[PDB]
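Novice: Here it is, the structure, as structure tokens.
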Amino acid sequence: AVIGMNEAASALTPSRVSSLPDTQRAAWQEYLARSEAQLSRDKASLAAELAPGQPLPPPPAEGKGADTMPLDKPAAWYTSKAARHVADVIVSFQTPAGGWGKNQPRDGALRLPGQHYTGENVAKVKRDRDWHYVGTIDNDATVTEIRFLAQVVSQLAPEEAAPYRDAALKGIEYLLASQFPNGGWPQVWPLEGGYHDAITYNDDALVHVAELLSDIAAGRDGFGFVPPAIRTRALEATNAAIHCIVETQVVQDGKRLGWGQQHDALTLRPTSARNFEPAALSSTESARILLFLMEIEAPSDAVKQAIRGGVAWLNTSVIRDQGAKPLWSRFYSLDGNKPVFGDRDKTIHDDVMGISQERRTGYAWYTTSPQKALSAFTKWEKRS
Ligand SMILES: [Cl-]
Ligand SMILES: [Hg+2]
């Protein structure tokens, strides 16, 4: 009932990179130097908005965000005052780097000068401010804001949509700058450290980023205003991201397998996240990566193997009869692909009942989600 223990993930530090595979990663050094540069720029910028002695404004709004940035409303809705205001809110909360934080309703107030971009604790009473997820692609962050911005733009007059376009381009420049030298993407950028520095597939983070750049490269969904020079970069970026997905797929000696929520930017092997999230193949995140690859027009054999492989392991590992409909363990043992679970105490188990109910509840360790990649593979194998 207790497989092993969960070790912490490894931050992408200069020492991990100092192991230069012969002037091969002078790229990663530059990458970190830019990350650090931007980070300071971010903090100094917010600080510059406050006046000496001026009390901190209250923390910004928090809660479900994506639902305040609907991307499927009718065209007309994007010309309304309601949509224009969501855009203004969006434009006001973009970080100097060009990104956005998560869990922030954008239908309320505009960010006040000196007010945090994403969120912080109330400064109870009786410049060192909180800095977590200040530019993330988790929970659909950044990607959603850029898509919304583009919808509004596409339904307004060119002469009346400069701010939204400009914030959109900053957002696209943000996603381009944060991409790893090997095409992957970190959950937070500028780099915050820890498992946040891992190539993040978790919550569709990387897939969403790649689909966004793909669309930009194509000039669709309202990105027709994007300069060709930048659309070319988004294309190259999307190709790099696809490659990454390919060079990261877990190969069980000969066979191909799933992917797992996060991978080390240098090791490429599945790494860990939180105390209760050990390095391990992920059913749900694999199904998403698969659905994404099956979307590719004229896949290379490399991409063809990846799809066929992942889809297979998704079938070698299923569930008889949380029962009636096909099942999958959120996580599967890299060694010996079998259901795996964990707890807030770094201990890896092989039974949900061997976990604190606090973790046994809320968090979902089993799921039917993967099925989506199966029905998809069917029609996909044909034209390939
Ligand atoms: Cl087409
Ligand atoms: Hg990669």
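So you can find residues: chains in the structure tokens are A, B, ... in the order shown, residues in each start at 1, and ligands are numbered from 1 in order.
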Output the neighbourhood of ligand 2 as an MDAnalysis selection string, that is, all protein and nucleic acid residues with some atom at most 10 Å from the ligand, counting only C-alpha atoms and all ligand atoms.
Specialist: chainID A and resid 180:185 199 240:249 263:269
Novice: Could you list, as a list in words, every residue within 10 Å of residue A:150, counting only C-alpha atoms and ignoring same-chain residues fewer than 5 positions away?
Specialist: residues 71, 78, 87, 144, 145, 155, 161, 164, 165, 167, 168, 169, 220, 221, 222, 223, 224, 225 and 226 of chain A
Novice: Would you mind listing the residues within 12 Å of ligand 1, counting only C-alpha atoms and all ligand atoms, as an MDAnalysis selection string?
Specialist: chainID A and resid 215 218:220 295:297
Novice: Those same residues, written as a compact mmCIF listing (two decimals), in the first residue's frame with C-alpha atoms?
Specialist:
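Printed below is selection35.txt as written:
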# COMPACT_ATOMS: atom_id res chain seq x y z
CA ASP A 215 -3.66 29.81 -34.90
CA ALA A 218 -2.37 30.81 -39.54
CA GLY A 219 -3.80 34.28 -38.87
CA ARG A 220 -7.12 32.91 -37.64
CA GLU A 295 -4.82 17.60 -35.17
CA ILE A 296 -1.60 17.97 -37.19
CA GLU A 297 -1.92 18.11 -40.98
Novice: Taking only stretch 232-374 of chain A into account, list the residues labelled alpha helix (DSSP H) by DSSP (computed from the backbone), as a ChimeraX atom specification.
Specialist: /A:232-248,283-293,301-316,357-360,371-374
Novice: Counting only C-alpha atoms, figure out which residue out of A:311, A:364, A:177, A:156 gets nearest to residue A:76.
Specialist: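 Smallest separation from residue A:76 among the options: A:156.
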Novice: Point out the residue among A:139, A:115, A:356, A:19 with the least atom-to-atom distance to residue A:65, counting only C-alpha atoms.
Specialist: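 Looking only at the distances to residue A:65, the closest residue turns out to be A:139.
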Novice: Given only C-alpha atoms as the basis, pick out the residue of A:306, A:90, A:191, A:97 nearest to residue A:132.
Specialist: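 Once distances to residue A:132 are computed over only C-alpha atoms, the minimum belongs to A:191.
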Novice: With only C-alpha atoms as the basis for distance, which of A:152, A:43, A:102, A:107 is at the shortest distance from residue A:80?
Specialist: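 Looking at the shortest contact to residue A:80, the residue is A:152.
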Novice: Quote the spacing between atom CA of residue A:99 and atom CA of residue A:111 in Å to one decimal place.
Specialist: 14.4 Å
Novice: If you measure from atom CA of residue A:39 to atom CA of residue A:10, what distance in Å do you get, rounded to one decimal?
Specialist: 19.5 Å
Novice: Could you name the residues that touch stretch 252-262 of chain A at 8 Å or less, counting only C-alpha atoms, but leaving out those on the same chain fewer than 5 positions away, as a count of residues only?
Specialist: 26
Novice: If you count only C-alpha atoms, which residues fall within 8 Å of residue A:59, apart from same-chain ones fewer than 3 positions away, as a PyMOL selection string?
Specialist: chain A and resi 115-116+119-122
Novice: If we count only C-alpha atoms and set the cut-off at 10 Å, which residues sit around residue A:72, ignoring sequence neighbours fewer than 5 positions away in its own chain? Please answer as a ChimeraX atom specification.
Specialist: /A:77,148,151
Novice: Could you pull out the strand (DSSP E or B) residues of stretch 90-204 of chain A from DSSP and send them as a list in words?
Specialist: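 Reading the DSSP output for stretch 90-204 of chain A, strand (DSSP E or B) covers residues 136, 186, 188, 199 and 200 of chain A.
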